[PDB]
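Everything on this sheet refers to the single structure shown next.
Cβ sites come from the backbone with ideal geometry, for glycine too, and all protein chains shown count toward neighbours. Laboratory data are not the source of any read-out in this text; all were calculated from the coordinates shown.
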Amino acid sequence: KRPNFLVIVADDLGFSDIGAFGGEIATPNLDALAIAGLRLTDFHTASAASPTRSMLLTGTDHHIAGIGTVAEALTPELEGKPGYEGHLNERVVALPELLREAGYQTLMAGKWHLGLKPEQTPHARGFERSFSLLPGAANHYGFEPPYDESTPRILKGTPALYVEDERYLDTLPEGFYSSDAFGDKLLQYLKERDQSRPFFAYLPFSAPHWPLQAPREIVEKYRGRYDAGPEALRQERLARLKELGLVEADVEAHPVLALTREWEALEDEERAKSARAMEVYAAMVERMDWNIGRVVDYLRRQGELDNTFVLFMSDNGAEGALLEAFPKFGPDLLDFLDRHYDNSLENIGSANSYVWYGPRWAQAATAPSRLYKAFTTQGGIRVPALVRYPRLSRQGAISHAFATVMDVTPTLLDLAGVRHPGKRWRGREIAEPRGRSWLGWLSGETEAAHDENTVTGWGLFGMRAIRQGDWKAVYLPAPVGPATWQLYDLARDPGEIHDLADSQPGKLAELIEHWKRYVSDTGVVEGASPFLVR
Ligand SMILES: [NH3+]OP(=O)(O)c1ccccc1
Ligand SMILES: O=P(O)(O)c1ccccc1
Ligand SMILES: [Ca+2]
């Protein structure tokens, strides 16, 4: 029998947040899947949400698939460039499109982030049933601010714009909470399915993405848990990562970089509200996990779970952004929030709060990696991932084999017994996957799907990375780095601390040749101004 697929994507979830990845957050459902299955410590996405999602559903690079940069920040020199359409384009065929023509029922409940228009919806791109938030974010409870000319651009670009199949929804149900709605709808779709054929179920949550909001009864369970702050947390996470074997005992963690005040410099009220945000984040993750459990438990009781290839991943590094630091997200984001939301301590986490936890809490979760979401350093692109599928021999272990989100489409096609159509589909020229099927690796035939010569590129917001085997070069422009290529031996220096550019100049040179080919193969275009902070 052909397996089902359950692909679950967390939004900005950090590497050590889940219990089985070193965390204190209650994630019993995910833990059971992770420990029975295979946990990946060297699995990679892109550095941000829509690029990663375009890659996950195609098996190629986001510069080819239509999200060369995030739609919400297209500049004039980028608009019109191929692969910079801002939605999943027609130079690619999506995974669900291919599975649906081979008898799979394609079911989705969650965030899309691959296009806002009718012809760009899940329904248009191969899902027979879908309940979706089309934008990159929204209020989890559906509470909208006033929308007019003076509304901060980041809020304007994150309305609660939901579709069910072809229908743009006019209202949301009472009690709507994103993660619960997604669990509800996917459970409905599964209970309504044709039980005699397999399903591809896509469960992209919007949690734990800002605004940080969760049911009070779950937030209450974390009361006081984070009082010692984000650096105390980082140490707990490092200790546990080492104890669990997820990182080597000796690893040197990258130093925490933030323009904010450190915990001990904060006044009591400020601390209280920052801890409250992390208590809410934790509740988001636990409630996500709970909804995952509802899905998995239904499949299990149906006797289908063991014939379901279950993949869980985050879509990028933990979110260390200060939304208030980007003029593009304004004008006056904090002033608008102060006049429309209540972020007083007691309200944080409810529908009419709007918070993000910032760079220090984010780096607790990405440690020992460098930085966080929207950087090309490991903090931005190395994400937690697990595969639970008991037909595959390689289960019960922690694997440090290199893998990327582009591997997923070819793996699932393989298992479905479906061939990628090649260079043409529905009469148009399409890209072929850049990833490689994990089947050989996971079946124990090989030690990894890739090898010491595998070459993989990243480029977004003017940052770059280029990796071959365990050698990685990184380029971070001003003001966030030296605007020169830095070179790291990831096997000896996972924290990207010791720049080897001067000691191994031959190796850097090769990587720069690889980078140029990447730019060439994928259509990378960098603009003047990577971004502006202020
Ligand atoms: N790479 O180190 P740890 O031993 O987790 C540490 C302790 C104190 C400060 C920084 C790092
Ligand atoms: O890249 P993100 O998913 O963080 C994003 C960007 C713009 C609007 C909403 C979400
Ligand atoms: Ca994300």
Of all chymotrypsin sites (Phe, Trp or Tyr not before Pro) in region 109-147, which ones are in loop regions per DSSP and have a Cβ with at most 14 other Cβ atoms within 10 Å? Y147
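Counting only other residues whose beta carbon sits under 10 Å from that of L386, what net charge do I get with K and R as +1, D and E as -1? All intermediate terms of the calculation are to be shown ahead of the outcome.
Values: positive: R39, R388; negative: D31.
Neighbourhood net charge equals +1.
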Helical mean residue ellipticity (222 nm; -39500 (n - 2.57) per DSSP H run of 4+; nearest 500) of the chain: -8000 deg cm²/dmol
I want to make sure I understand the PRE zone here: with the label point 7 angstrom from the Cα of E166 toward its beta carbon, which residues in region 115-145 have backbone N atoms less than 18 Å away? 116-132
Pop a pseudo-label 7 angstrom from the Cα along the beta-carbon direction at both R153 and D227 and give the gap in nm to one decimal. 4.2 nm
For region 181-248, which trypsin sites (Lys or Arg not before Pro) are in a loop by DSSP, counting at most 14 other Cβ atoms within 10 Å? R223, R225
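For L78, what is the net charge nearby, where nearby means another residue's Cβ is under 13 Å from its Cβ and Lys, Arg count +1, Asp, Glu -1?
Working: positive: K81; negative: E72, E77, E79, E85, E526.
That works out to -4.
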Please identify every one of the trypsin sites (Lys or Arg not before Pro) in region 330-417 that sits in a loop by DSSP and has no more than 14 other beta carbons within 10 Å of its own beta carbon. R391
Among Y168, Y341, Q395 - extreme Cα towards positive end, dipole of the chain, charges at beta-carbon: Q395
Counting only DSSP beta bridges fully inside the chain, the antiparallel percentage to nearest 5 is 55 percent
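Mind checking the dipole of the chain: about its Cα centre, +1 per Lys or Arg Cβ, -1 per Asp or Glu Cβ, Debye to the nearest 20? Show your work: numbers first, answer last.
Details: 58 positive and 75 negative charges, 317 e Å.
Its charge dipole is roughly 1520 debye.
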